[PDB]
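Inspection log for the structure reproduced underneath, given as structure tokens.
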Amino acid sequence: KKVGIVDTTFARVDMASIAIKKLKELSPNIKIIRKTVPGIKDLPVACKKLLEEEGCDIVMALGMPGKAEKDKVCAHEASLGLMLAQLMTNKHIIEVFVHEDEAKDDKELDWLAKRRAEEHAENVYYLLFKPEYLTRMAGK
Amino acid sequence: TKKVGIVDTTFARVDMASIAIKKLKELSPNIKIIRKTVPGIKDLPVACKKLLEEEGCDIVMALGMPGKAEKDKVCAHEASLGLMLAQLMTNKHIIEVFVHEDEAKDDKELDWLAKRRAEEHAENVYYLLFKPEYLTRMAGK
Amino acid sequence: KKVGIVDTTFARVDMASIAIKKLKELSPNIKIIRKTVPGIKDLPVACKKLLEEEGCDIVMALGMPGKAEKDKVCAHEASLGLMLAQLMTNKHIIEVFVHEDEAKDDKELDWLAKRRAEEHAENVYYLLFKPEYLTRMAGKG
Amino acid sequence: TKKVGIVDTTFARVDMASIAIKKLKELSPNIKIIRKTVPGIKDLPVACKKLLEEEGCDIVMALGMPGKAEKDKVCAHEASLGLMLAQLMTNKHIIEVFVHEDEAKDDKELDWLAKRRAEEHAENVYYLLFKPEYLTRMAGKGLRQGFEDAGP
Amino acid sequence: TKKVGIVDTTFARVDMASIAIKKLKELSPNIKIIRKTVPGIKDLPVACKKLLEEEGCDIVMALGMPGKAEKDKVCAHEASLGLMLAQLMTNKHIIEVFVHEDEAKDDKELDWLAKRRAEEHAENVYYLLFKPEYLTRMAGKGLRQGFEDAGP
């Protein structure tokens, strides 16, 4: 299977490398394609292109919204864009958004975004290969 | 015959899917049921559309229990919009079953409320499938 | 000509009956089709299905949104759905949303819902038959 | 040749259409002009799109006058999205001529403002249709429709 | 790739297009450029889409400057979704270059900020067109357009 991973230069933490590593751990021969875009608002088309043009069965969308009110609106815009990209291709995009807000300092933020990217990576795996497991875990 | 798709999450703290399936099978024992579980509420829109367009579901139920934070309301509002888009792209209903965290006073109430709501929306799904004119009798009022 | 009328069970006034009465008043041989959905979020697809599958020329979406901030967010999602539904099918849907916000007490609420269903039903008649009366009334006078 | 759709409302407190039409016809005596009136702002988008796709309109003016209330502002935002989606689904412009009641003090000013906004937007229509490169001369020039230009 | 569209407005108070154009030609001298100017920020989405679909642009820069009021804030949000929707309908990037007036403390800063953000985004286009593996090198780093890089 093919997974697309779309990250940004805006993000203050590399989430991609740990997503990749988690995916390869769980399914050694799984195919990965990486695309990097400037900002969170560039994520929806890049994800869609990857789903429609590069054969990706699923995509992970990696972003890190800033602290401001304007950044919360940006992320909301991008969130909706991802939802539309998904409805246009009957394919999943797991939105991996870690707000800077969510950590108390840089060291915590680095750890948090990477742990979130790993966890969503696990989910991508389960959605691809073990979608009976997610049912077993239905709500706690 | 009729097919209902049921999409829920791992994140939610009540299993509403079981509540609704059971309700559905008692009112009409020959309804077909396909289930799909997604990590979170924002993954509900595609999964519902997929079940509608690819698995021949006549209708879908989308189940989730949003959190209480101001950022949970946005995610839920995000998801609800996807659900509405998914429906207009397929001329098929999706019944949204979102039970927010603040809608009950504690955990014990939240579990009971979510149970009640999942059952009630399953009733509505039944009416929409088999007696549409029974919703009209209680229209408005 | 054919009008679709979509209401809810959740609503607290029968607006549908009032719209239908006015409509058959102004045009005795207008064909009417009704569909009742549980809630406001279920309105847009019902409206779109009527427009596209039932040969409705125009549709009236009728609902009675609550007072809560949650009810307002829901109503807003509903209105966007109705707006997208109209663009995908080059057909009008006339929104008759009456928020509990707009009246004091139920007495006035009941009356205002009724009056709105009527005046909008008239607008529907005009769009269908006398679109040049609306032009006369553009910018109020 | 060259056709303009003008869509307005009965809800509006001021007639903006007559200004826009008069401006268009003085800018281009031969332009074809199509009018349609709807009850309200939420009715604008489908009316606009129908005008573009069914009546062969090259461009449309959507004229709207939202009320003062926060509920009105929500609907205005809903119409605005609608207008924007209509344009995308039919690669044609719709010029949003929305005048809020918040924008003026008194009715005399509301009357003045809405009419001047409609007129300046009518000229922009002339420009998109016949002389788009003029708008390029005016890139970054702080131009305002209604109230006076901000400037660079 | 060969073709870039640049869409700006008359509303904006700083000419953002010239600096982006200059950057583009500096990095890739033979690059094709096409410009359209619209009145406002809400007119950006369709102009952008037509350039992608009817003028054969590989990518577009959408340049605008939202005003200060909580109503220009809504206009830009509306305009941003439009931009995203235009991108998803085509499978083509539109780089949004919005400089809100609230971000600068006077006009001198705003001229500076808008020009810088435009230039850096123009550099981002270059990479997206020609060197997209470099953006992967800068994945998760401090990168900002206009204001100084935040750092990892």
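Here are some notes:
- Within the shell defined by Cβ-Cβ distances under 10 Å, the residues around D:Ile94 carry a net charge of +1, with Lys and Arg each +1 and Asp and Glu each -1.
- Antiparallel bridge percentage (DSSP; both residues within the protein assembly as shown; nearest 5): 0 percent
- Solvent-free Debye scattering, log10 I(q)/I(0), computed from the Cα coordinates of chain D at q = 0.11, 0.12, 0.21 Å⁻¹: -0.40, -0.48, -1.45
- When Rg and Dmax are taken over the Cα atoms of the stretch D:109-152, they come to 11.3, 33 Å.
- Which of D:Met89, D:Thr37, D:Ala76, positive extreme of dipole for the stretch D:28-102 (C-beta unit charges): D:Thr37
- Counts of other chain beta carbons within 10 angstrom of each beta carbon in peptide C:38-47 average 5.
- Taking the inverse of the mean reciprocal distance over all distinct Cα pairs, the Kirkwood hydrodynamic radius of the stretch A:44-140 comes to 14.7 Å.
- Each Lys and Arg contributes +1 and each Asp and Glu -1, all at the Cβ; summed about the Cα centre of the stretch A:50-140, the dipole is approximately 380 debye.
- Distance from the stretch C:73-106 to the stretch B:105-141 (C-alpha centre basis), Å: 22 Å
- With loop membership from DSSP and a limit of 12 other Cβ atoms within 10 Å, the longest segment of chain C without trypsin sites (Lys or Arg not before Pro) is C:1-66.
- Loop chymotrypsin sites (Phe, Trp or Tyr not before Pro), the stretch D:78-152 (other Cβ atoms within 10 Å of the site Cβ: 15 or fewer; DSSP): D:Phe147
- The stretch B:36-72 residues near the modelled B:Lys22 label - backbone nitrogen below 20 Å, point 7 Å along Cα→Cβ: B:36-37, B:61-65
- Note on C:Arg136 and D:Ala69: with the Förster distance fixed at 25 Å, the Cβ-Cβ geometry gives a FRET efficiency of about 0.40.
- Helix B:107-130 and the long axis of chain B differ in direction by around 20°, with both axes built from C-alpha atoms.
- Cα-centred dipole magnitude for the protein assembly as shown, charges only on beta-carbon of K, R (+1) and D, E (-1), debye, nearest 20: 1880 debye
- Difference of contour (0.36 nm per residue) and Cα-Cα distance, C:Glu54 to C:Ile33: 6.7 nm
- Taking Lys and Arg as +1 and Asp and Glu as -1, the other residues whose beta-carbon sits under 12 Å from that of C:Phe129 total -1.
- Among A:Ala68, A:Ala46, A:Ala16: highest mean-square fluctuation, GNM of chain A, C-alpha pairs under 10 Å: A:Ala68
- Cα gyration tensor shape of the protein assembly as shown, rounded if a/c is under 1.5, else prolate or oblate by comparing a/b with b/c: oblate
Cβ sites come from the backbone with ideal geometry, for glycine too, and all protein chains shown count toward neighbours. Just so you know, all these numbers are worked out from the coordinates, no wet-lab data involved.
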